[PDB]
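Only this structure's heavy atoms are used, side chains among them; waters, hydrogens and symmetry mates stay out. Chain letters run A, B, ... following the sequence lines, proteins first, then strands; residues in each count from 1.
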Amino acid sequence: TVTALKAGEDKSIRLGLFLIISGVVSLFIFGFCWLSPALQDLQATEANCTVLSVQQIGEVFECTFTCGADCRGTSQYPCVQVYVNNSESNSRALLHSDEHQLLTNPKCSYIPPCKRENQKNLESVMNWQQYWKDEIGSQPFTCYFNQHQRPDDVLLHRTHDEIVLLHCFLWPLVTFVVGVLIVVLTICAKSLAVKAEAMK
Amino acid sequence: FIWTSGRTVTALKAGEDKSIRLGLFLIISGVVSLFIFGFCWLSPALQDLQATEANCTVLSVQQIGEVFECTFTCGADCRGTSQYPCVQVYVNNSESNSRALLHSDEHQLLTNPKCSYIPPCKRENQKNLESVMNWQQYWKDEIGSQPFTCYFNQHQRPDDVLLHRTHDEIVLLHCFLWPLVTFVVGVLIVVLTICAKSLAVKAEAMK
Amino acid sequence: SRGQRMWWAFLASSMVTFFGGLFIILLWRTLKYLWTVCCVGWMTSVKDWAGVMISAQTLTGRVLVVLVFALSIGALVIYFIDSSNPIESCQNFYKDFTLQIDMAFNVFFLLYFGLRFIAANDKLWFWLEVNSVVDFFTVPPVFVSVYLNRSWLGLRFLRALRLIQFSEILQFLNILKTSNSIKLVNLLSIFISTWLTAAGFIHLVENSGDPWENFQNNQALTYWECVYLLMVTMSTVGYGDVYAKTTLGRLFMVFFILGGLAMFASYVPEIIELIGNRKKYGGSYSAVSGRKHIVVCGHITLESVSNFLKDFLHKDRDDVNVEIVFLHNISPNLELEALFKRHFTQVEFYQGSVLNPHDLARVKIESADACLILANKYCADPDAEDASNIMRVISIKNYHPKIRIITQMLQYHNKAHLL
Amino acid sequence: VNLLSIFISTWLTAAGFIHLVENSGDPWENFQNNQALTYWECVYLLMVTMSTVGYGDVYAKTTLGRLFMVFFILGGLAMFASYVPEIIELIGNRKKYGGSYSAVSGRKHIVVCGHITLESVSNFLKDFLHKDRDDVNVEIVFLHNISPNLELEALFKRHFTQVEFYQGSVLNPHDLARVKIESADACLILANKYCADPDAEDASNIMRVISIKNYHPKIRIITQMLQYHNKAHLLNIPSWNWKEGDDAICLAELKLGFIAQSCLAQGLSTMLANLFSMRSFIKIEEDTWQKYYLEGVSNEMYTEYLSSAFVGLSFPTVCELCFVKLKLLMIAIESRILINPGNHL
Amino acid sequence: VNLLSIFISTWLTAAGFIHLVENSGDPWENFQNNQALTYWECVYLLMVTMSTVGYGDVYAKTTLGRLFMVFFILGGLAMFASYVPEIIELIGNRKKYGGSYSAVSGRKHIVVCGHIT
Ligand SMILES: CC(C)CCC[C@@H](C)[C@H]1CC[C@H]2[C@@H]3CC=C4C[C@@H](O)CC[C@]4(C)[C@H]3CC[C@]12C
Ligand SMILES: CC(C)CCC[C@@H](C)[C@H]1CC[C@H]2[C@@H]3CC=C4C[C@@H](O)CC[C@]4(C)[C@H]3CC[C@]12C
Ligand SMILES: [Ca+2]
Ligand SMILES: [K+]
Ligand SMILES: [K+]
Ligand SMILES: [K+]
Ligand SMILES: [Mg+2]
Ligand SMILES: [Mg+2]
């Protein structure tokens, strides 16, 4: 026959196919977006690491504080640099703590939380330095290194958390599975309703 | 171009119906401009009226031993970038009861929050130097004086203090007065036109 | 209470409401029928009452749809106010009066959705209507907002899709009737709704950056800056003062460029074509004391009018104060409008038909000294021309028996019918 | 699929050529003037160029790249401006009035077809849905091969709970099945009275009835006919049965008959036409011929059964009783169709 | 003359309104966000907008100005795209085969007409 329910059921097939396509397409989009970040992080080695020298270069860089709502606040801070041992190079390389720090100023080992007062960023860098200054010959850190591209830079932290990576690939797969269930339940309803209609 | 370019009745009825179109356009323009000024003033009016008013007293003053640059204008196309002393002033207030930097007017804070003042910028370094000295020698002596009345914002600026408001209430008032007047004028045009149409037919029957 | 995010709870409340319901519908279609293989009515009176409420059929129903129109604007204005605030934050339900108003509006939209659901013939067709989808993506997240004592500027922008139903509401209210006016309101509603909705999606996506990029590449654009960006894109101007910088944003802009350009280039010419066609030669003649006038009609053409005015306004006549009023159903071309501008103080033209007594009243035939009817001498059929001019005279004489008529006739046997 | 394939292929290929050329600079410039653009940044650049938006956030900086962009501007703009309107025109033409009617228990429906037009539908609904009738629960289903215009769609929105429209042809048994003709109480066929050729119109309406009767012999059909000789062809259809309510309203027969009866009594054609039009009593206070005419116009002719206390009485007595005390103008006829029978039979 | 007058008048009038609005900034912003544009710079801006070229060398920076530019983009693009093709179509249709024949002494000529194909 034809039936009254055909319009809603065929629209339900169009939705289920659009979700299958959108699941696969967003999987490729996130695939290319995460390709360079995921390789650039997961190619970094994990190593045991120990401090071997510390110093200030006798010169200052500028950070920018924010008040909240439209401030620049450009303010000087001491440039402290720290050199560390690692299992691959076994030689002098500059510690940068987090990746962001390296990307924003690789000549210093730290950037303080920038503030309206020069004195607070000075004492913050002193309060940070007096830790790594005493860690000379201490029990090893665990730290990250990249011999293929960064033979003289060292990191304390990863470039991204695996949670945000996982969520970007979970919801495309869930979208695809939901689309498949909509297609299957709709085709099941269409093909079973005609058996019930003949059996009535 | 865009998209590959192109692919009874009475004699007075015309003027009166055009007068209705005008009165409705003024009603619509009154309401629409009220919403436009509403969104334009929303963030400024909240950001100013959320600031508290307080009694305030000076507690320290100093120059940071370093200089910022202002720009003078001659009139007609000058840059004139010129150094001035950075003086900073700290003040008491009733909410924080603690050290916060005075900035005088809001503009000053927005242009250089590390100093408490900016002089009227001039072609001579000596005149902006002595202007900052002549300003500083006031707030330098106001230590322990009778309170100012001053403005503060605990929700967003816990370490900045202002002597002045961010806008005057007169320009705010005018932006909401003339939309309302426009709407009222539009309503009077509609009412007087409908009154003329509906009364003229009574006079024409009574003649 | 900062340092925690809850955006997924707002989004899940919409996704679970829409799909959860949809599966209940379907599972109900697979269980009702399967039971029969394994093993006037009261409901219709409720469905009749709900249908009679959903349309403006009764006083109550017409009050309801006027509230739907007003609260659709109100709920969109609440989203405009909220768009200036942080993307996620805490706000107490007993302190922030905007969230109380947003509650009262969304409680009304829940009840209106309930009436629509009751009135519908097929629940599955209804559940997949655009107006139902907009409710699942905008009603549940407000109840989550009040329960969590928090806000997220998530899919709120979908409120702008309620403007699409304004032409339907105005058709129910018997306000829209004419085809051009319904077209105009349809085109304006779809254009404005699409523009404001698409501006809200790019707003959300640019203010919350690419997830892979760990959200670090976001751009601080206001909602109005996104509305301006989409207009500059749709029109194809594309200044590049502002543009989408995130990958998700650039992605969306590729699909908006494919859909929105065709929408602007199709709709803007047509909305301008449905407006401003103001009839220039409407209105009517005003007679002045001591000055008579004549009405001229029939074959009004540039050569006929210029020949007529040369003989009528000749200087070998005496002080002819007689004003000449032309009545013709076709708008004059630029040449004939220019001929009337050369006679500005003694000729007037009004568009209309000699067969309509309203147009005869507009031209003041009851006070005209005479009516003159010009014939087409060079017509393809003299009998159809004479029969047309016979019609004109019976119309003019029907409106006013006493007016003097002067008329050209082509064939003599048609002159006998005339008398 | 041809337009989509050529559009996407050209765009992705041209993005790859500008990618290569911008990442490896002008040879003369000793390759020093290269620009670090990703492939996706080149895909975005070409879309922003094809559409003519041209933001200039990103643009080709090398001479080879600018060179290529001149030829891409000459070819790719014409490609976008031609293809994008046409790909959008080949999509989304979703037929709004497909689907079919679902009947509900205890509520009958009728199918209306033929000359479906704004004036014909609005005239039909004014007489059919009149309040001088009784509780008319009958649903009205229109079947017509042309999509309704905005005015006629608006007329259907004003009747949302009692009118449904489906696009289709009376000559197609699938469309007759979609409109549930096998359960319709009657089918009504409207004629174009003002057609250029009455014989082609009548022959078209004859086709409609043989199609409806072919799909279901037992449905009641009501149809307008223009010419009387075409009505004689109509009753040669084997399942056409005027004894059970198949009605041919012949306009030439009834028109010339009204006129003929007005030759025996002037104005009879006026009151007969007023008795079938549904109209309320309009009230006018001014003493005019209109106040007494409008009172007469308020009447219509109605059928009813009579038996309790009227079986076996004389026809005049029966007329007197219900005229005098039931205050209604009695039986003009009737047993069979006997007009004003008298004292016998 | 109608198309030229309406085009030029609209362009020069709209350039004057954006001139005034950009040189005297947003009232809420305490008039501080004004831009020093000359009138001719506003005439150039509106032509670059109407044509849809939109270089963005100059553009409206104030909120009132951006506001006006949204309504000018909705009205002025349709005006330019309709009027410019038609003004160009009403010009330059110069009849190429007007003029007349000049005879020369001692050389005769014939005239050919009718079915010229
Ligand atoms: C029909 C709608 C309202 C229900 C949709 C499902 C929604 C409401 C579900 C899905 C996920 C759930 C949320 C996830 C977890 C939390 C955090 C908790 O600290 C408060 C409750 C809250 C916020 C839940 C509330 C209910 C919730 C939002
Ligand atoms: C509220 C959400 C979650 C589900 C709504 C209730 C669902 C599960 C139930 C309640 C009433 C049921 C509907 C009532 C009757 C009909 C009409 C029939 O011709 C199609 C199925 C349909 C449409 C039923 C489908 C299942 C149904 C919609
Ligand atoms: Ca009656
Ligand atoms: K540009
Ligand atoms: K362009
Ligand atoms: K551009
Ligand atoms: Mg005059
Ligand atoms: Mg129905």
Side-chain angles (χ1 to χ4, degrees), chain A residues 1-5 197 200, chain C residues 40-52 55 57 118-122 125, chain D residues 97 99-114 116 120-144 155-168 170 172-190 208-209 211-224 239-249 276 278 300-305:
Chain A
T1 69
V2 33
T3 227
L5 307 186
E197 189 271 349
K200 178 209 56 50
Chain C
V40 67
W42 174 82
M43 291 290 289
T44 76
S45 76
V46 178
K47 166 162 157 47
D48 291 345
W49 173 82
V52 166
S55 178
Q57 298 265 15
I118 290 164
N121 287 337
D122 176 9
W125 179 263
Chain D
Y97 298 111
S100 88
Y101 181 70
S102 52
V104 309
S105 298
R107 144 146 342 168
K108 56 174 60 187
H109 81 285
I110 58 148
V111 181
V112 187
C113 68
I116 307 313
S120 292
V121 175
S122 59
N123 288 341
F124 178 77
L125 295 178
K126 274 172 184 180
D127 281 310
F128 197 95
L129 299 173
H130 218 246
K131 63 172 176 285
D132 288 7
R133 305 187 187 282
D134 69 334
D135 182 23
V136 287
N137 78 355
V138 188
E139 190 153 33
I140 302 165
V141 184
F142 288 93
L143 178 60
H144 199 235
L155 178 65
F156 298 146
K157 282 181 170 68
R158 298 206 289 281
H159 300 88
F160 187 75
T161 45
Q162 55 262 39
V163 170
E164 300 195 7
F165 179 95
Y166 296 93
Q167 186 174 13
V170 186
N172 186 336
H174 290 325
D175 295 338
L176 299 182
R178 283 207 297 125
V179 168
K180 310 301 300 288
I181 283 278
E182 70 281 355
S183 66
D185 190 57
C187 180
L188 277 70
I189 311 175
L190 307 182
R208 268 149 190 131
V209 55
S211 182
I212 297 153
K213 285 299 196 179
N214 171 251
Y215 177 82
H216 198 65
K218 285 288 189 285
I219 187 168
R220 182 179 178 208
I221 294 169
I222 305 172
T223 182
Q224 286 170 320
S239 53
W240 179 271
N241 189 19
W242 71 268
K243 309 299 185 66
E244 70 184 289
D246 289 336
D247 292 318
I249 298 164
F276 307 116
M278 283 287 137
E300 302 88 12
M301 184 170 279
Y302 297 96
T303 52
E304 186 54 286
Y305 285 99

Contacts of type side-chain hydrogen bond (donor to acceptor under 3.5 Å, both in side chains), residue [X], not counting sequence neighbours:
| X | result |
| --- | --- |
| D/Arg158 | none |
| D/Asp185 | D/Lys108 |
| D/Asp127 | none |

Quick one: [atom1] on [X] to [atom2] on [Y], what's the gap to the nearest 0.5 Å?
| X | Y | atom1 | atom2 | result |
| --- | --- | --- | --- | --- |
| D/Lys213 | D/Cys187 | NZ | SG | 10.0 Å |
| D/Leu125 | D/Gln162 | CG | CD | 8.5 Å |
| D/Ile221 | D/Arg208 | CD1 | CZ | 12.0 Å |
| D/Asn241 | D/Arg220 | CG | CZ | 12.0 Å |
| D/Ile189 | D/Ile222 | CD1 | CD1 | 10.0 Å |
| D/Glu182 | D/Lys218 | CD | NZ | 15.0 Å |

**Report entry** Crowding at CH2, C/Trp125 (>12 non-hydrogen neighbours, <6.0 Å)
**Finding:**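 Atom CH2 in C/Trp125 is not crowded, with 12 or fewer foreign heavy atoms closer than 6.0 Å.
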Query raised in the report: Take atom NE2 in D/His174; do more than 12 heavy atoms of anything else shown fall under 6.0 Å from it?
Result: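 It does not: D/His174 NE2 has 12 such atoms or fewer within range.
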Close side-chain approach of [X] and [Y], heavy atoms under 4.5 Å:
| X | Y | answer |
| --- | --- | --- |
| D/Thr223 | D/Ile249 | no |
| D/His109 | D/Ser183 | yes |
| C/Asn121 | D/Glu164 | yes |
| D/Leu143 | D/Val141 | no |
| D/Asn137 | C/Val40 | no |

Heavy-atom closest contact ([X] atom, [Y] atom, distance):
| X | Y | value |
| --- | --- | --- |
| D/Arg178 | D/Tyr97 | NH1-O, 4.0 Å |
| C/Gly51 | C/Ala119 | N-CB, 3.7 Å |
| D/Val111 | D/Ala184 | CG2-CB, 3.9 Å |
| C/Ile118 | C/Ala50 | CG2-CB, 3.6 Å |

Query - Pairing residues for D/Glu300 by the side chain to side chain contact (heavy atoms under 4.5 Å, CB included) criterion, not counting sequence neighbours - result: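 Residues passing side chain to side chain contact (heavy atoms under 4.5 Å, CB included) with D/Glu300: D/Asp132, D/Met278, D/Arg279, D/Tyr302.
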Query raised in the report: Residues two or more places apart in sequence or in another chain: which of them pass side chain to side chain contact (heavy atoms under 4.5 Å, CB included) with D/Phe124?
Result: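 Applying side chain to side chain contact (heavy atoms under 4.5 Å, CB included) to D/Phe124 gives D/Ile110, D/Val112, D/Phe128, D/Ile140, D/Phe142, D/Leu188.
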Ignoring hydrogens and geometry, is there a side-chain-to-backbone donor-acceptor pair from [X] to [Y] under 3.5 Å?
| X | Y | answer |
| --- | --- | --- |
| C/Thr44 | C/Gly41 | yes |
| D/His216 | D/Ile212 | no |
| D/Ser100 | D/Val179 | no |

Report task. Name all residues meeting the salt bridge (charged side-chain N to carboxylate O under 4.0 Å, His left out) criterion together with C/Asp48; count only those two or more places apart in sequence or in a different chain, and write none if there are none. Result ->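 Salt bridge (charged side-chain N to carboxylate O under 4.0 Å, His left out) check on C/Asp48 returns nothing, list empty.
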Query raised in the report: Angle class for the D/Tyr101/D/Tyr166 ring planes (parallel below 30°, perpendicular above 60°, tilted otherwise)?
Result: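 D/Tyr101 vs D/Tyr166 ring planes: perpendicular.
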**Report entry** Full working for side chain to side chain contact (heavy atoms under 4.5 Å, CB included) between D/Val209 and D/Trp240
**Finding:** CA-CA 9 Å; D/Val209 55; D/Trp240 179 271; 3.7 Å; yes
